[PDB]
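Coordinates from coords38.txt are shown below (compact mmCIF, C-alpha atoms).
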```txt
# COMPACT_ATOMS: atom_id res chain seq x y z
CA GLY A 1 -61.82 246.63 51.17
CA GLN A 2 -62.23 243.05 52.27
CA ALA A 3 -61.15 240.12 50.10
CA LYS A 4 -63.93 237.91 48.74
CA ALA A 5 -62.96 234.36 47.80
CA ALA A 6 -65.46 231.77 46.61
CA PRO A 7 -65.58 228.30 48.23
CA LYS A 8 -64.04 225.31 46.48
CA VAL A 9 -65.91 222.10 47.27
CA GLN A 10 -65.30 218.36 47.10
CA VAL A 11 -67.87 215.66 47.92
CA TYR A 12 -66.54 212.14 48.50
CA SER A 13 -67.08 208.99 50.52
CA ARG A 14 -64.79 207.78 53.29
CA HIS A 15 -64.56 204.31 51.73
CA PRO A 16 -65.05 203.13 48.16
CA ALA A 17 -68.81 202.78 48.04
CA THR A 18 -71.05 199.74 47.61
CA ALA A 19 -74.80 200.02 47.06
CA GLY A 20 -76.61 199.36 50.36
CA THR A 21 -73.41 199.53 52.46
CA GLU A 22 -73.02 202.01 55.32
CA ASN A 23 -70.29 204.59 54.68
CA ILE A 24 -69.51 208.24 55.54
CA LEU A 25 -70.28 211.13 53.19
CA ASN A 26 -67.79 214.02 53.25
CA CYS A 27 -68.15 217.60 52.03
CA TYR A 28 -64.91 219.55 52.30
CA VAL A 29 -65.24 223.29 51.70
CA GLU A 30 -62.08 225.38 51.38
CA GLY A 31 -60.52 228.51 49.96
CA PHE A 32 -63.24 230.92 51.06
CA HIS A 33 -63.20 234.37 52.64
CA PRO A 34 -64.81 235.83 54.73
CA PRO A 35 -65.50 232.89 57.09
CA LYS A 36 -69.31 233.28 57.21
CA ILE A 37 -70.74 230.30 55.33
CA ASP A 38 -73.72 227.93 55.17
CA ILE A 39 -73.00 224.27 54.37
CA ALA A 40 -75.69 221.58 54.25
CA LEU A 41 -75.74 217.88 53.36
CA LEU A 42 -78.88 216.79 51.51
CA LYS A 43 -80.36 213.40 50.61
CA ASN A 44 -82.84 213.68 47.72
CA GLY A 45 -83.17 217.38 48.53
CA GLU A 46 -83.92 216.88 52.22
CA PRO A 47 -81.63 217.62 55.18
CA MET A 48 -79.57 214.59 56.15
CA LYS A 49 -79.66 213.11 59.63
CA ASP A 50 -76.65 212.96 61.98
CA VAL A 51 -74.57 215.63 60.23
CA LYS A 52 -71.38 216.72 61.99
CA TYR A 53 -69.61 220.06 61.46
CA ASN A 54 -65.93 220.10 62.33
CA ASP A 55 -64.42 223.35 63.57
CA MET A 56 -63.12 225.76 60.94
CA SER A 57 -59.45 226.29 60.11
CA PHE A 58 -57.61 228.57 57.69
CA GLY A 59 -54.54 228.57 55.47
CA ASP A 60 -51.67 230.93 54.83
CA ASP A 61 -53.50 232.64 51.96
CA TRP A 62 -56.01 233.74 54.65
CA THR A 63 -58.81 231.52 53.37
CA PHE A 64 -60.91 229.24 55.56
CA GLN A 65 -61.77 225.54 55.37
CA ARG A 66 -64.27 223.20 57.01
CA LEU A 67 -65.16 219.49 56.84
CA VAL A 68 -68.84 218.49 57.09
CA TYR A 69 -69.75 214.81 57.18
CA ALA A 70 -72.48 212.32 57.93
CA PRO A 71 -73.01 208.55 57.93
CA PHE A 72 -74.90 207.40 54.87
CA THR A 73 -75.99 204.21 53.14
CA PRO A 74 -75.96 205.02 49.42
CA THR A 75 -78.23 203.23 46.97
CA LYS A 76 -78.41 203.41 43.20
CA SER A 77 -81.52 205.63 43.38
CA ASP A 78 -80.60 208.17 46.07
CA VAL A 79 -79.03 211.56 45.28
CA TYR A 80 -76.64 213.14 47.79
CA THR A 81 -75.58 216.78 47.58
CA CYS A 82 -73.62 219.39 49.48
CA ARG A 83 -75.26 222.83 49.28
CA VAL A 84 -72.99 225.79 49.99
CA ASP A 85 -74.02 229.43 50.30
CA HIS A 86 -71.39 232.12 50.63
CA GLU A 87 -71.31 235.82 49.82
CA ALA A 88 -68.62 235.27 47.16
CA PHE A 89 -71.06 233.06 45.20
CA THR A 90 -73.63 234.87 43.07
CA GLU A 91 -76.07 232.02 43.84
CA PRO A 92 -75.99 229.11 46.31
CA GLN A 93 -74.15 226.19 44.72
CA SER A 94 -74.94 222.48 44.93
CA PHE A 95 -72.30 219.78 44.54
CA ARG A 96 -73.40 216.21 43.82
CA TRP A 97 -71.68 213.11 45.17
CA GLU A 98 -70.81 211.00 42.15
CA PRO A 99 -72.17 207.48 42.85
CA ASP A 100 -69.08 205.38 42.21
CA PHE A 101 -69.85 201.74 43.05
CA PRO B 2 -40.02 217.52 57.17
CA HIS B 3 -41.43 218.61 60.50
CA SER B 4 -43.51 221.69 61.22
CA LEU B 5 -45.03 223.57 64.13
CA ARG B 6 -47.66 226.16 63.21
CA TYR B 7 -50.05 228.39 65.12
CA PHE B 8 -52.98 230.00 63.29
CA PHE B 9 -54.97 232.87 64.84
CA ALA B 10 -58.10 234.44 63.36
CA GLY B 11 -60.39 237.19 64.55
CA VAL B 12 -63.67 238.48 63.13
CA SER B 13 -65.50 241.69 64.07
CA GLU B 14 -68.71 239.75 64.71
CA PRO B 15 -69.39 236.01 65.07
CA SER B 16 -71.72 234.02 62.86
CA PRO B 17 -73.01 230.40 62.85
CA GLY B 18 -70.01 228.11 63.20
CA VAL B 19 -67.62 231.10 63.22
CA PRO B 20 -66.25 232.28 66.58
CA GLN B 21 -65.04 235.83 67.14
CA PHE B 22 -61.51 234.59 67.90
CA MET B 23 -59.81 231.26 67.27
CA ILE B 24 -56.38 229.65 67.64
CA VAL B 25 -55.37 226.27 66.26
CA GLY B 26 -51.94 224.65 66.57
CA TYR B 27 -50.57 222.00 64.20
CA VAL B 28 -47.64 219.58 64.42
CA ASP B 29 -46.64 218.00 61.10
CA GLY B 30 -49.95 219.13 59.63
CA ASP B 31 -52.15 217.52 62.33
CA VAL B 32 -54.10 219.57 64.87
CA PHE B 33 -52.81 219.21 68.42
CA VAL B 34 -54.29 222.22 70.34
CA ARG B 35 -57.18 224.64 69.91
CA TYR B 36 -58.62 227.55 71.86
CA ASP B 37 -62.05 227.17 73.47
CA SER B 38 -63.56 230.67 73.37
CA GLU B 39 -66.33 229.77 75.82
CA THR B 40 -64.09 228.50 78.61
CA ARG B 41 -61.23 230.75 77.36
CA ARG B 42 -58.73 227.87 77.61
CA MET B 43 -56.23 226.24 75.28
CA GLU B 44 -57.21 222.59 74.96
CA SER B 45 -55.63 219.39 73.67
CA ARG B 46 -56.99 217.98 70.44
CA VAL B 47 -54.89 214.79 70.25
CA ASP B 48 -54.26 212.26 73.00
CA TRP B 49 -50.45 212.24 72.90
CA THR B 50 -50.34 215.73 74.43
CA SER B 51 -50.50 214.06 77.87
CA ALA B 52 -46.76 213.55 77.40
CA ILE B 53 -46.27 217.33 77.58
CA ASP B 54 -45.46 217.14 81.28
CA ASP B 55 -44.04 220.59 82.04
CA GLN B 56 -45.82 222.30 84.88
CA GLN B 57 -48.06 225.22 83.98
CA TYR B 58 -47.80 224.45 80.23
CA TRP B 59 -51.55 224.72 79.67
CA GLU B 60 -51.93 227.74 81.95
CA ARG B 61 -49.15 229.55 80.06
CA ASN B 62 -50.67 228.84 76.65
CA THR B 63 -54.10 229.87 77.96
CA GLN B 64 -52.69 233.17 79.25
CA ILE B 65 -51.11 233.95 75.86
CA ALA B 66 -54.38 233.03 74.14
CA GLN B 67 -56.43 235.35 76.36
CA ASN B 68 -53.97 238.23 75.90
CA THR B 69 -53.99 237.72 72.14
CA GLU B 70 -57.80 237.69 72.14
CA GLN B 71 -57.78 241.18 73.67
CA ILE B 72 -55.10 242.36 71.22
CA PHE B 73 -57.12 241.11 68.25
CA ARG B 74 -60.11 243.20 69.36
CA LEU B 75 -57.83 246.24 69.52
CA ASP B 76 -56.28 245.50 66.10
CA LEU B 77 -59.66 245.24 64.35
CA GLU B 78 -60.64 248.67 65.67
CA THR B 79 -57.22 250.14 64.82
CA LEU B 80 -57.18 248.87 61.26
CA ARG B 81 -60.79 249.76 60.43
CA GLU B 82 -59.88 253.36 61.24
CA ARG B 83 -56.44 253.33 59.60
CA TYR B 84 -57.91 252.16 56.29
CA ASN B 85 -60.97 254.47 56.59
CA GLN B 86 -63.28 251.47 56.25
CA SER B 87 -66.97 251.20 56.97
CA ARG B 88 -68.10 249.09 59.89
CA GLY B 89 -68.66 245.44 59.09
CA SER B 90 -67.33 241.95 59.63
CA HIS B 91 -63.65 242.49 59.13
CA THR B 92 -61.07 239.78 59.73
CA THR B 93 -57.54 239.64 61.03
CA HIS B 94 -55.07 236.77 60.87
CA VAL B 95 -51.68 235.69 62.20
CA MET B 96 -49.71 232.57 61.34
CA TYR B 97 -46.27 231.76 62.70
CA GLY B 98 -44.07 228.77 63.36
CA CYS B 99 -41.05 226.77 62.30
CA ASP B 100 -39.91 223.90 60.09
CA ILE B 101 -37.14 221.32 60.41
CA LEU B 102 -36.14 220.14 56.94
CA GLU B 103 -34.69 216.78 55.89
CA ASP B 104 -31.11 218.05 56.23
CA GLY B 105 -31.80 219.38 59.72
CA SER B 106 -31.87 222.99 58.55
CA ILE B 107 -34.62 225.21 59.91
CA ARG B 108 -37.09 227.74 58.57
CA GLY B 109 -39.20 230.23 60.48
CA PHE B 110 -42.33 232.12 59.51
CA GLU B 111 -44.41 234.97 60.84
CA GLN B 112 -47.11 236.36 58.57
CA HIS B 113 -49.88 238.85 59.29
CA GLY B 114 -53.09 239.36 57.38
CA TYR B 115 -55.95 241.83 57.49
CA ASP B 116 -59.33 241.42 55.78
CA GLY B 117 -58.18 238.43 53.78
CA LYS B 118 -55.10 240.17 52.37
CA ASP B 119 -51.38 240.20 53.13
CA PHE B 120 -50.43 242.80 55.73
CA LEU B 121 -46.94 242.11 57.09
CA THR B 122 -44.38 239.36 56.45
CA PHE B 123 -41.39 238.78 58.72
CA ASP B 124 -37.88 238.10 57.43
CA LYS B 125 -36.00 236.75 60.45
CA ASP B 126 -32.69 236.74 58.60
CA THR B 127 -32.77 240.54 58.07
CA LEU B 128 -34.88 241.41 61.17
CA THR B 129 -37.37 243.43 59.13
CA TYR B 130 -41.04 243.26 58.21
CA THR B 131 -42.28 243.63 54.63
CA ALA B 132 -45.46 245.74 54.43
CA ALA B 133 -48.06 244.96 51.78
CA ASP B 134 -49.48 248.50 51.55
CA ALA B 135 -49.03 251.97 53.00
CA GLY B 136 -51.35 251.17 55.91
CA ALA B 137 -49.26 248.16 56.94
CA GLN B 138 -46.19 250.45 56.79
CA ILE B 139 -47.52 252.25 59.88
CA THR B 140 -47.28 249.02 61.88
CA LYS B 141 -43.88 248.18 60.37
CA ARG B 142 -42.58 251.52 61.63
CA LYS B 143 -44.18 251.06 65.06
CA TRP B 144 -42.65 247.64 65.49
CA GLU B 145 -39.23 248.49 64.07
CA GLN B 146 -39.09 251.59 66.40
CA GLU B 147 -40.14 249.62 69.51
CA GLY B 148 -36.82 247.87 68.66
CA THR B 149 -37.28 244.48 70.27
CA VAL B 150 -40.21 242.98 68.32
CA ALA B 151 -38.12 241.50 65.53
CA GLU B 152 -35.34 240.34 67.86
CA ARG B 153 -37.76 238.55 70.20
CA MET B 154 -39.56 236.84 67.31
CA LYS B 155 -36.33 235.75 65.65
CA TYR B 156 -35.17 234.21 68.92
CA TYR B 157 -38.48 232.40 69.35
CA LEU B 158 -38.52 231.07 65.80
CA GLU B 159 -34.90 229.83 65.87
CA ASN B 160 -34.82 228.48 69.44
CA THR B 161 -38.04 228.12 71.44
CA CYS B 162 -40.16 227.04 68.46
CA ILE B 163 -37.61 224.49 67.23
CA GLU B 164 -37.02 223.07 70.75
CA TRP B 165 -40.75 222.53 71.26
CA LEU B 166 -41.21 221.11 67.74
CA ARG B 167 -38.60 218.44 68.47
CA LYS B 168 -40.40 217.59 71.70
CA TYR B 169 -43.81 217.38 70.02
CA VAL B 170 -42.49 215.16 67.22
CA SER B 171 -41.14 212.77 69.85
CA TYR B 172 -44.33 212.81 71.96
CA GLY B 173 -46.51 212.26 68.90
CA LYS B 174 -44.26 209.77 67.10
CA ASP B 175 -46.56 206.74 67.27
CA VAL B 176 -49.39 208.74 65.72
CA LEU B 177 -47.32 210.85 63.33
CA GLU B 178 -45.22 207.95 62.00
CA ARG B 179 -48.08 205.46 61.54
CA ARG B 180 -48.80 204.36 57.98
CA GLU B 181 -52.32 203.79 56.64
CA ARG B 182 -52.48 202.34 53.16
CA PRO B 183 -55.18 203.85 50.94
CA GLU B 184 -58.00 201.81 49.48
CA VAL B 185 -57.75 202.69 45.77
CA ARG B 186 -60.56 202.44 43.21
CA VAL B 187 -60.23 203.13 39.49
CA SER B 188 -63.51 203.80 37.66
CA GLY B 189 -64.50 205.13 34.25
CA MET B 190 -67.33 207.10 32.67
CA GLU B 191 -67.72 208.06 29.00
CA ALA B 192 -69.16 211.30 27.61
CA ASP B 193 -68.67 213.04 24.25
CA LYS B 194 -66.50 210.19 22.87
CA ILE B 195 -64.02 210.47 25.77
CA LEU B 196 -63.55 207.89 28.52
CA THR B 197 -62.51 209.64 31.75
CA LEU B 198 -60.76 207.32 34.20
CA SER B 199 -60.89 208.33 37.88
CA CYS B 200 -58.44 207.02 40.45
CA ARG B 201 -59.56 207.63 44.03
CA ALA B 202 -57.34 206.93 47.04
CA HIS B 203 -59.33 206.61 50.28
CA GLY B 204 -57.96 206.81 53.80
CA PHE B 205 -54.19 207.24 53.47
CA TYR B 206 -51.89 208.60 56.15
CA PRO B 207 -49.58 210.51 56.16
CA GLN B 208 -50.76 213.38 53.96
CA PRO B 209 -48.12 213.54 51.17
CA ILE B 210 -49.07 211.50 48.11
CA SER B 211 -48.34 211.51 44.38
CA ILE B 212 -50.61 210.04 41.70
CA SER B 213 -49.65 209.49 38.05
CA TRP B 214 -50.84 207.33 35.16
CA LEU B 215 -49.21 204.54 33.17
CA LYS B 216 -50.32 203.58 29.65
CA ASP B 217 -49.07 200.11 28.65
CA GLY B 218 -46.51 200.52 31.47
CA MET B 219 -45.35 203.96 30.25
CA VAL B 220 -45.84 207.29 31.96
CA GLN B 221 -48.70 209.26 30.42
CA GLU B 222 -49.24 212.89 31.42
CA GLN B 223 -51.52 213.82 28.50
CA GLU B 224 -55.00 214.95 29.59
CA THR B 225 -54.49 214.31 33.33
CA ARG B 226 -55.97 216.28 36.24
CA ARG B 227 -55.98 215.91 40.03
CA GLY B 228 -57.83 217.23 43.05
CA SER B 229 -56.39 218.76 46.17
CA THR B 230 -55.81 216.42 49.10
CA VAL B 231 -58.73 216.59 51.53
CA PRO B 232 -59.37 215.10 55.01
CA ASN B 233 -61.62 212.36 56.30
CA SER B 234 -63.31 212.51 59.69
CA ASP B 235 -60.72 210.14 61.24
CA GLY B 236 -57.65 212.21 60.31
CA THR B 237 -56.72 210.24 57.20
CA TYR B 238 -56.90 211.76 53.74
CA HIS B 239 -58.47 211.44 50.30
CA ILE B 240 -57.48 212.40 46.76
CA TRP B 241 -58.71 211.88 43.21
CA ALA B 242 -56.94 211.93 39.87
CA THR B 243 -58.32 211.63 36.34
CA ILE B 244 -57.11 210.94 32.82
CA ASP B 245 -58.99 211.24 29.51
CA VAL B 246 -58.53 208.23 27.23
CA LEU B 247 -60.01 206.71 24.12
CA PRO B 248 -63.16 204.63 24.70
CA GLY B 249 -62.13 201.00 24.43
CA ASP B 250 -58.65 201.62 25.92
CA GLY B 251 -59.48 201.50 29.63
CA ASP B 252 -57.55 198.27 30.23
CA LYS B 253 -54.31 199.89 29.00
CA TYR B 254 -54.15 202.32 31.94
CA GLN B 255 -52.91 202.02 35.50
CA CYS B 256 -53.10 204.50 38.37
CA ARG B 257 -49.70 204.79 40.09
CA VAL B 258 -49.76 205.79 43.78
CA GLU B 259 -46.60 207.01 45.51
CA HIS B 260 -47.13 207.00 49.27
CA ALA B 261 -45.15 206.26 52.43
CA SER B 262 -47.43 203.29 53.17
CA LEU B 263 -46.35 201.72 49.85
CA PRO B 264 -42.63 200.76 49.89
CA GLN B 265 -42.93 200.45 46.12
CA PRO B 266 -45.54 202.66 44.37
CA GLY B 267 -48.76 200.73 43.91
CA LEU B 268 -50.43 200.12 40.57
CA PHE B 269 -54.20 199.91 40.17
CA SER B 270 -56.52 199.19 37.24
CA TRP B 271 -60.22 199.63 36.57
CA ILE C 1 -45.53 226.42 72.72
CA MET C 2 -46.95 229.78 71.64
CA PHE C 3 -44.86 232.98 71.47
CA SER C 4 -45.36 235.15 74.51
CA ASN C 5 -47.52 238.11 73.42
CA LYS C 6 -47.10 239.82 70.05
CA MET C 7 -47.38 243.62 70.05
CA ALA C 8 -50.56 245.35 68.89
CA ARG C 9 -50.63 246.63 65.30
```
Please re-express this file's structure in structure tokens.
Amino acid sequence: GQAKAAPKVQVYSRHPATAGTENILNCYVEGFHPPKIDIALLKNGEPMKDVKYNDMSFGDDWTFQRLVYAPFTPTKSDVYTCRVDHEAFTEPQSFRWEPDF
Amino acid sequence: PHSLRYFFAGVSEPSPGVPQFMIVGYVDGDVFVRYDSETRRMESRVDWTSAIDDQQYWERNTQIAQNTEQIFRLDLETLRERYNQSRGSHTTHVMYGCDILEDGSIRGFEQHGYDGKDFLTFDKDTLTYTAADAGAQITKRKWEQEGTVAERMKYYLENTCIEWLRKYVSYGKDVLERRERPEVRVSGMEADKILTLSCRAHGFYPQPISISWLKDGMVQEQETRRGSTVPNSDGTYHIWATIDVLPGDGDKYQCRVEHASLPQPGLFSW
Amino acid sequence: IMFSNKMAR
């Protein structure tokens, strides 16, 4: 029956980051099938404000892709993650933004 | 190169953020049109489409979209039964379009998928479909027996598609030919006696990019990795590359970025 | 422009 393909995820900032400086946090989720998916952006384990979900697309290997993003102002103490749940994962997976200042 | 591509996807049942039927069109890798399932209309997704001035252009695309939406509902029911599948959220996919290469030569594509797997692939130069399994063979035979399916697609891919691609590339030229230089940052982190250098390019346009590493001015491929290119919210792109080096040697390395915005590939250090 | 109406499978 139906192909199951696990999401591949990258978490990255729009600009090179500076502590205390407003930026945009990106979570790009790709390579998954079927399209049903849950993607969430979290700040210290809590849902982030002002999250935007672009419309989904797909590639010629029949897998789907979606960008999720939000403004953020990273500090040296805050932890930002992208949590992704999909039926091709055995468990929901969290992906941490690496604080690169 | 230049490319026009249309992507169609259907799903048996919707889910959050996943419509039952979708169409997205791309020129040179950038979205330019998309179906709105609620209004049932093809819509512009980039401002230069106002230069598409032919009368009834949007109405014609909308009519094709609505017809295809009905066909996709039929196909999902047909293929569930042909493959003796249980009911569930099945998917179906079509992608087609054309390329104009650097030498002016053309390519054309039409590929069909079902449930995340290859189903049929068109070869316009032999006017035949390649079936991925015995179930897809049934459609191959149907289409090859109708007798005009392949001929009409080959004409579209070699004429209509290419004619419209040339028009879109001209209408979109000021957006498609713009150059945004990436902001590049090289950083390093050490673990288990290995210093990993990361080179991140933020906000480049257009999409093609190549990243490599120089050690004391020489190419170094040992222990290098790279991510896939991914988009930002403004239509520019992002990529990372890494290299593993000896702790203490970070100053010997440069990230080398090949990109259309850089007439000479740029070099960056941590 | 899109192709005018592919056949059903």
Given the choices B:20, B:32, B:52, B:25, which gets closest to residue B:171 if the distance is worked out from only C-alpha atoms? B:52
Using all atoms listed in the file and a cut-off of 7 Å, which residues of chain B sit close to chain C? Please list them as a PyMOL selection string. chain B and resi 62+65+68-69+72+76+140+157+162+165
Quick one: contact table of chain A to chain B, 12 Å max, nearest atom pair and distance in Å to one decimal per residue, counting only C-alpha atoms, chain and number order, as JSON lines?
```
{"residue": "A:1", "atom": "CA", "partner": "B:86", "partner_atom": "CA", "distance": 7.2}
{"residue": "A:2", "atom": "CA", "partner": "B:116", "partner_atom": "CA", "distance": 4.8}
{"residue": "A:3", "atom": "CA", "partner": "B:117", "partner_atom": "CA", "distance": 5.0}
{"residue": "A:4", "atom": "CA", "partner": "B:117", "partner_atom": "CA", "distance": 7.7}
{"residue": "A:5", "atom": "CA", "partner": "B:117", "partner_atom": "CA", "distance": 8.7}
{"residue": "A:8", "atom": "CA", "partner": "B:229", "partner_atom": "CA", "distance": 10.1}
{"residue": "A:9", "atom": "CA", "partner": "B:231", "partner_atom": "CA", "distance": 10.0}
{"residue": "A:10", "atom": "CA", "partner": "B:231", "partner_atom": "CA", "distance": 8.1}
{"residue": "A:11", "atom": "CA", "partner": "B:231", "partner_atom": "CA", "distance": 9.9}
{"residue": "A:12", "atom": "CA", "partner": "B:239", "partner_atom": "CA", "distance": 8.3}
{"residue": "A:13", "atom": "CA", "partner": "B:203", "partner_atom": "CA", "distance": 8.1}
{"residue": "A:14", "atom": "CA", "partner": "B:233", "partner_atom": "CA", "distance": 6.3}
{"residue": "A:15", "atom": "CA", "partner": "B:203", "partner_atom": "CA", "distance": 5.9}
{"residue": "A:16", "atom": "CA", "partner": "B:186", "partner_atom": "CA", "distance": 6.7}
{"residue": "A:17", "atom": "CA", "partner": "B:186", "partner_atom": "CA", "distance": 9.6}
{"residue": "A:18", "atom": "CA", "partner": "B:186", "partner_atom": "CA", "distance": 11.7}
{"residue": "A:23", "atom": "CA", "partner": "B:234", "partner_atom": "CA", "distance": 11.7}
{"residue": "A:24", "atom": "CA", "partner": "B:234", "partner_atom": "CA", "distance": 8.6}
{"residue": "A:25", "atom": "CA", "partner": "B:233", "partner_atom": "CA", "distance": 9.3}
{"residue": "A:26", "atom": "CA", "partner": "B:233", "partner_atom": "CA", "distance": 7.1}
{"residue": "A:27", "atom": "CA", "partner": "B:233", "partner_atom": "CA", "distance": 9.4}
{"residue": "A:28", "atom": "CA", "partner": "B:231", "partner_atom": "CA", "distance": 6.9}
{"residue": "A:29", "atom": "CA", "partner": "B:231", "partner_atom": "CA", "distance": 9.3}
{"residue": "A:30", "atom": "CA", "partner": "B:231", "partner_atom": "CA", "distance": 9.4}
{"residue": "A:31", "atom": "CA", "partner": "B:117", "partner_atom": "CA", "distance": 10.9}
{"residue": "A:32", "atom": "CA", "partner": "B:117", "partner_atom": "CA", "distance": 9.5}
{"residue": "A:33", "atom": "CA", "partner": "B:117", "partner_atom": "CA", "distance": 6.6}
{"residue": "A:34", "atom": "CA", "partner": "B:117", "partner_atom": "CA", "distance": 7.2}
{"residue": "A:35", "atom": "CA", "partner": "B:19", "partner_atom": "CA", "distance": 6.7}
{"residue": "A:36", "atom": "CA", "partner": "B:16", "partner_atom": "CA", "distance": 6.2}
{"residue": "A:37", "atom": "CA", "partner": "B:17", "partner_atom": "CA", "distance": 7.9}
{"residue": "A:38", "atom": "CA", "partner": "B:17", "partner_atom": "CA", "distance": 8.1}
{"residue": "A:39", "atom": "CA", "partner": "B:18", "partner_atom": "CA", "distance": 10.1}
{"residue": "A:51", "atom": "CA", "partner": "B:234", "partner_atom": "CA", "distance": 11.7}
{"residue": "A:52", "atom": "CA", "partner": "B:234", "partner_atom": "CA", "distance": 9.4}
{"residue": "A:53", "atom": "CA", "partner": "B:18", "partner_atom": "CA", "distance": 8.2}
{"residue": "A:54", "atom": "CA", "partner": "B:234", "partner_atom": "CA", "distance": 8.5}
{"residue": "A:55", "atom": "CA", "partner": "B:18", "partner_atom": "CA", "distance": 7.4}
{"residue": "A:56", "atom": "CA", "partner": "B:19", "partner_atom": "CA", "distance": 7.3}
{"residue": "A:57", "atom": "CA", "partner": "B:25", "partner_atom": "CA", "distance": 7.4}
{"residue": "A:58", "atom": "CA", "partner": "B:8", "partner_atom": "CA", "distance": 7.4}
{"residue": "A:59", "atom": "CA", "partner": "B:8", "partner_atom": "CA", "distance": 8.1}
{"residue": "A:60", "atom": "CA", "partner": "B:96", "partner_atom": "CA", "distance": 7.0}
{"residue": "A:61", "atom": "CA", "partner": "B:117", "partner_atom": "CA", "distance": 7.7}
{"residue": "A:62", "atom": "CA", "partner": "B:117", "partner_atom": "CA", "distance": 5.2}
{"residue": "A:63", "atom": "CA", "partner": "B:117", "partner_atom": "CA", "distance": 7.0}
{"residue": "A:64", "atom": "CA", "partner": "B:117", "partner_atom": "CA", "distance": 9.8}
{"residue": "A:65", "atom": "CA", "partner": "B:231", "partner_atom": "CA", "distance": 10.2}
{"residue": "A:66", "atom": "CA", "partner": "B:232", "partner_atom": "CA", "distance": 9.7}
{"residue": "A:67", "atom": "CA", "partner": "B:232", "partner_atom": "CA", "distance": 7.5}
{"residue": "A:68", "atom": "CA", "partner": "B:234", "partner_atom": "CA", "distance": 8.5}
{"residue": "A:69", "atom": "CA", "partner": "B:234", "partner_atom": "CA", "distance": 7.3}
{"residue": "A:70", "atom": "CA", "partner": "B:234", "partner_atom": "CA", "distance": 9.3}
{"residue": "A:71", "atom": "CA", "partner": "B:234", "partner_atom": "CA", "distance": 10.6}
{"residue": "A:98", "atom": "CA", "partner": "B:190", "partner_atom": "CA", "distance": 10.8}
{"residue": "A:99", "atom": "CA", "partner": "B:188", "partner_atom": "CA", "distance": 10.7}
{"residue": "A:100", "atom": "CA", "partner": "B:188", "partner_atom": "CA", "distance": 7.4}
{"residue": "A:101", "atom": "CA", "partner": "B:188", "partner_atom": "CA", "distance": 8.6}
```
Quick one: write out the picked residues with C-alpha atoms as a compact mmCIF listing (two decimals), in the coordinates of the input?
```txt
# COMPACT_ATOMS: atom_id res chain seq x y z
CA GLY A 1 -61.82 246.63 51.17
CA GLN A 2 -62.23 243.05 52.27
CA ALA A 3 -61.15 240.12 50.10
CA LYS A 4 -63.93 237.91 48.74
CA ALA A 5 -62.96 234.36 47.80
CA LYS A 8 -64.04 225.31 46.48
CA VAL A 9 -65.91 222.10 47.27
CA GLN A 10 -65.30 218.36 47.10
CA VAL A 11 -67.87 215.66 47.92
CA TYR A 12 -66.54 212.14 48.50
CA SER A 13 -67.08 208.99 50.52
CA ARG A 14 -64.79 207.78 53.29
CA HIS A 15 -64.56 204.31 51.73
CA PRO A 16 -65.05 203.13 48.16
CA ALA A 17 -68.81 202.78 48.04
CA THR A 18 -71.05 199.74 47.61
CA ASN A 23 -70.29 204.59 54.68
CA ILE A 24 -69.51 208.24 55.54
CA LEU A 25 -70.28 211.13 53.19
CA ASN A 26 -67.79 214.02 53.25
CA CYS A 27 -68.15 217.60 52.03
CA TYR A 28 -64.91 219.55 52.30
CA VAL A 29 -65.24 223.29 51.70
CA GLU A 30 -62.08 225.38 51.38
CA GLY A 31 -60.52 228.51 49.96
CA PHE A 32 -63.24 230.92 51.06
CA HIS A 33 -63.20 234.37 52.64
CA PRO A 34 -64.81 235.83 54.73
CA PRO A 35 -65.50 232.89 57.09
CA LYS A 36 -69.31 233.28 57.21
CA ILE A 37 -70.74 230.30 55.33
CA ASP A 38 -73.72 227.93 55.17
CA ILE A 39 -73.00 224.27 54.37
CA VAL A 51 -74.57 215.63 60.23
CA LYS A 52 -71.38 216.72 61.99
CA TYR A 53 -69.61 220.06 61.46
CA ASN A 54 -65.93 220.10 62.33
CA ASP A 55 -64.42 223.35 63.57
CA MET A 56 -63.12 225.76 60.94
CA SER A 57 -59.45 226.29 60.11
CA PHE A 58 -57.61 228.57 57.69
CA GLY A 59 -54.54 228.57 55.47
CA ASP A 60 -51.67 230.93 54.83
CA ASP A 61 -53.50 232.64 51.96
CA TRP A 62 -56.01 233.74 54.65
CA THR A 63 -58.81 231.52 53.37
CA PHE A 64 -60.91 229.24 55.56
CA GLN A 65 -61.77 225.54 55.37
CA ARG A 66 -64.27 223.20 57.01
CA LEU A 67 -65.16 219.49 56.84
CA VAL A 68 -68.84 218.49 57.09
CA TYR A 69 -69.75 214.81 57.18
CA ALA A 70 -72.48 212.32 57.93
CA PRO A 71 -73.01 208.55 57.93
CA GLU A 98 -70.81 211.00 42.15
CA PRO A 99 -72.17 207.48 42.85
CA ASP A 100 -69.08 205.38 42.21
CA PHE A 101 -69.85 201.74 43.05
```
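The space between atom CA of residue B:153 and atom CA of residue B:82 spans 28.1 Å.
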